[PDB]
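K.L.:
After the structure tokens below, expect a handful of questions from me.
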Amino acid sequence: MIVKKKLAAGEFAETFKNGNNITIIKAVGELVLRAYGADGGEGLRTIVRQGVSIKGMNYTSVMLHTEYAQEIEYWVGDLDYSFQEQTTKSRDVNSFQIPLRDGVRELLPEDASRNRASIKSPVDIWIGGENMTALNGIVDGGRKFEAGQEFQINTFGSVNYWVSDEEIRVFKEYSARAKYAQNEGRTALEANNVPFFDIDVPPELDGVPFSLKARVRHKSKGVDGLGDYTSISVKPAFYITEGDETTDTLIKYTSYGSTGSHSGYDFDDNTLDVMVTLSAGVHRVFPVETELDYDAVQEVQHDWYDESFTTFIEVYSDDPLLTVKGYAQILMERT
Ligand SMILES: [Ca+2]
């Protein structure tokens, strides 16, 4: 029978009417400093201060003497034969990479076979048990391990991690109006100060299509003194090198065109959304306005490479290969 023993201050007397576990091995638990006794016909004493395996005697009631009032509860499981032995040894090693993503997520599952994990994160990582939370980017019930720090976990239970609260990944945010640009090649766009950013396409993404997006704001009313009811046609694009940064040829990617008098309210922003398929390596991307509207030329003397009525508020991305914060290295040992 598995039975409780709690504390408070004075003597305790738990007298359950059946010593079936008399001639029996006691798996008694013990804290700090106590004294106990055996009552089964005779009144006996006992003093013991460490978890011990006891032999059999007669028992109708248990005596519980107290020196320290503030020790902790135990379960003195008395059983006919009680033997518990097993630590291992680990036979197998398995090495792999985890997908570090956003919010508190499980790093390792409960797995009775795991002995040991040696882990290295390429980013600062917070590690904890089932209590760990990160309401608002602030981790509670966790502790930090540093980027590049090798550490070990030797449990077989859940562990959790946190690295970031970002659902997707962000290339650029611009406040400057995008320039009008024809597809004149990489050298010409750079020479005329058209802002760009690079995407480093990993081997794991070599020729794999992915979504590239932008939050795009068109605003024409009163801009550079343009008439409030003048109709401006827009067609934002990414011009992307088909080879790498040192190649000149650009590919134009588009998803929508729009026409009207643009007031540029933040809630009215458009989304440029294209699939792009690129070879491994670095590709250069020029967010541009491709349409030079007749009315802009006449009224406000707009020309190629001038600032348009188009702004790339945010350029970002949602491909699972890029939304990952990178890639924890795991060596796992199991029985
Ligand atoms: Ca027009």
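Residue numbering restarts at 1 in every chain; chains get A, B, ... in the order shown in the structure tokens, and ligands count up from 1 in that same order.
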As a ChimeraX atom specification, please: the residues near residue 39 (chain A) (cut-off 10 Å, only C-alpha atoms, same-chain neighbours under 5 positions excluded).

P.N.:
/A:15,44-45,57-63

K.L.:
Using only C-alpha atoms, please write the residues we just selected to a file, as an mmCIF file, in the first residue's frame.

P.N.:
data_model
loop_
_atom_site.group_PDB
_atom_site.id
_atom_site.type_symbol
_atom_site.label_atom_id
_atom_site.label_comp_id
_atom_site.auth_asym_id
_atom_site.auth_seq_id
_atom_site.Cartn_x
_atom_site.Cartn_y
_atom_site.Cartn_z
ATOM 1 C CA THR A 15 -3.258 4.118 12.047
ATOM 2 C CA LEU A 44 9.168 0.655 19.386
ATOM 3 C CA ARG A 45 11.287 3.623 18.257
ATOM 4 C CA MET A 57 8.385 -5.891 11.768
ATOM 5 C CA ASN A 58 4.895 -5.921 13.352
ATOM 6 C CA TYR A 59 2.667 -2.877 12.701
ATOM 7 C CA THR A 60 -0.855 -1.766 13.618
ATOM 8 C CA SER A 61 -0.025 1.954 13.988
ATOM 9 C CA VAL A 62 2.872 4.263 13.067
ATOM 10 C CA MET A 63 4.548 6.665 15.511
#

K.L.:
What does the list of residues within 9 Å of ligand 1 look like if you count only C-alpha atoms and all ligand atoms, written as a ChimeraX atom specification?

P.N.:
/A:230-233,259-260,292-296

K.L.:
Tell me, which residues of region 45-193 of chain A carry DSSP strand (DSSP E or B), written as a ChimeraX atom specification?

P.N.:
/A:46-47,52-54,61-66,74-75,77-79,92-100,105-108,114-120,125-133,140-145,150-153,159-162,169-172,179-180

K.L.:
Go through A:237, A:328, A:9, A:28 and flag the residue nearest residue 183 (chain A), using only C-alpha atoms for the distances.

P.N.:
A:237

K.L.:
For residue 152 (chain A), work out the shell of residues within 9 Å, counting only C-alpha atoms and skipping chain neighbours fewer than 6 positions away, then give it as a VMD selection string.

P.N.:
chain A and resid 116 to 120

K.L.:
Compile the contact shell of residue 276 (chain A) as a PyMOL selection string: residues with an atom at most 10 Å away, counting only C-alpha atoms, same-chain residues fewer than 6 positions apart removed.

P.N.:
chain A and resi 207-212+240+253

K.L.:
I'd like the neighbourhood of residue 239 (chain A) as a PyMOL selection string, where a residue qualifies if any of its atoms comes within 12 Å (using only C-alpha atoms), though same-chain residues fewer than 5 positions away should be ignored.

P.N.:
chain A and resi 180-186+189-190+194-198+248-254+274+276+283-290

K.L.:
Could you name the residues that touch region 159-163 of chain A at 12 Å or less, counting only C-alpha atoms, but leaving out those on the same chain fewer than 2 positions away, as an NGL selection string?

P.N.:
:A and (98-111 or 117 or 119 or 121-147 or 152-157 or 165-167 or 324-328)

K.L.:
May I have the residues within 10 Å of residue 29 (chain A) as a PyMOL selection string, using only C-alpha atoms and disregarding those fewer than 4 positions away in the same chain?

P.N.:
chain A and resi 5+48-53+72-77

K.L.:
Taking N, CA and C atoms for each residue, export the selection above as an mmCIF file, in the first residue's frame.

P.N.:
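To be explicit, this is the file written out as again_39.cif:
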data_model
loop_
_atom_site.group_PDB
_atom_site.id
_atom_site.type_symbol
_atom_site.label_atom_id
_atom_site.label_comp_id
_atom_site.auth_asym_id
_atom_site.auth_seq_id
_atom_site.Cartn_x
_atom_site.Cartn_y
_atom_site.Cartn_z
ATOM 1 N N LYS A 5 2.386 10.714 4.212
ATOM 2 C CA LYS A 5 2.852 11.200 5.512
ATOM 3 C C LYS A 5 3.172 12.687 5.389
ATOM 4 N N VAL A 48 15.868 7.935 11.631
ATOM 5 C CA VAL A 48 16.410 7.767 10.288
ATOM 6 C C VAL A 48 16.256 9.064 9.481
ATOM 7 N N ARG A 49 17.346 9.486 8.837
ATOM 8 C CA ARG A 49 17.442 10.820 8.234
ATOM 9 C C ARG A 49 17.732 10.816 6.723
ATOM 10 N N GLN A 50 17.724 9.636 6.099
ATOM 11 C CA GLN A 50 17.955 9.508 4.654
ATOM 12 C C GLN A 50 17.104 8.386 4.062
ATOM 13 N N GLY A 51 16.666 8.567 2.816
ATOM 14 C CA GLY A 51 15.863 7.562 2.113
ATOM 15 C C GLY A 51 16.473 6.174 2.196
ATOM 16 N N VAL A 52 15.782 5.266 2.883
ATOM 17 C CA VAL A 52 16.315 3.937 3.185
ATOM 18 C C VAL A 52 15.287 2.834 2.922
ATOM 19 N N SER A 53 15.783 1.624 2.667
ATOM 20 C CA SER A 53 14.939 0.441 2.506
ATOM 21 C C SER A 53 14.925 -0.360 3.809
ATOM 22 N N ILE A 72 9.267 17.847 4.730
ATOM 23 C CA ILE A 72 8.329 17.676 3.613
ATOM 24 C C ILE A 72 7.698 16.291 3.501
ATOM 25 N N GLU A 73 6.488 16.275 2.945
ATOM 26 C CA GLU A 73 5.645 15.084 2.861
ATOM 27 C C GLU A 73 6.351 13.912 2.189
ATOM 28 N N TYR A 74 5.971 12.697 2.581
ATOM 29 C CA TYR A 74 6.525 11.484 1.983
ATOM 30 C C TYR A 74 5.493 10.386 1.798
ATOM 31 N N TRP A 75 5.857 9.416 0.963
ATOM 32 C CA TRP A 75 5.046 8.235 0.722
ATOM 33 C C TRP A 75 5.837 6.982 1.087
ATOM 34 N N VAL A 76 5.571 6.437 2.273
ATOM 35 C CA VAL A 76 6.247 5.224 2.734
ATOM 36 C C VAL A 76 5.536 3.979 2.190
ATOM 37 N N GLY A 77 5.883 3.608 0.962
ATOM 38 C CA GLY A 77 5.293 2.447 0.304
ATOM 39 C C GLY A 77 5.881 1.146 0.814
#

K.L.:
In region 222-320 of chain A, what's helix (DSSP H, G or I) per DSSP? Answer as a list in words?

P.N.:
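Selecting the helix (DSSP H, G or I) positions of region 222-320 of chain A gives residues 223, 224, 225, 266, 267, 268, 294, 295, 296, 297, 298, 299, 300 and 320 of chain A.
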
K.L.:
For a quick check of understanding, using only C-alpha atoms, which of A:23, A:82, A:241, A:90 has the smallest distance to residue 278 (chain A)?

P.N.:
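Looking at the shortest contact to residue 278 (chain A), the residue is A:241.
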
K.L.:
Could you tell me which of A:222, A:170, A:187, A:179 comes closest to residue 319 (chain A) if we count only C-alpha atoms?

P.N.:
A:170

K.L.:
Kindly indicate which residue among A:79, A:322, A:331, A:64 lies nearest to residue 205 (chain A), using only C-alpha atoms for the distances.

P.N.:
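Selected residue with least distance to residue 205 (chain A): A:322.
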
K.L.:
Which is closer to residue 214 (chain A) than all the others in A:279, A:261, A:113, A:317, using only C-alpha atoms?

P.N.:
A:317

K.L.:
Please report the interatomic distance between CA of residue 177 (chain A) and CA of residue 312 (chain A) in Å with one decimal.

P.N.:
7.4 Å

K.L.:
Between CA of residue 219 (chain A) and CA of residue 178 (chain A), measure the distance and give it in Å to one decimal.

P.N.:
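Between these atoms lies a distance of 11.4 Å.
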
K.L.:
For residue 291 (chain A), which residue among A:310, A:335, A:46, A:255 is the nearest when counting only C-alpha atoms?

P.N.:
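Comparing A:310, A:335, A:46, A:255 against residue 291 (chain A), the winner is A:310.
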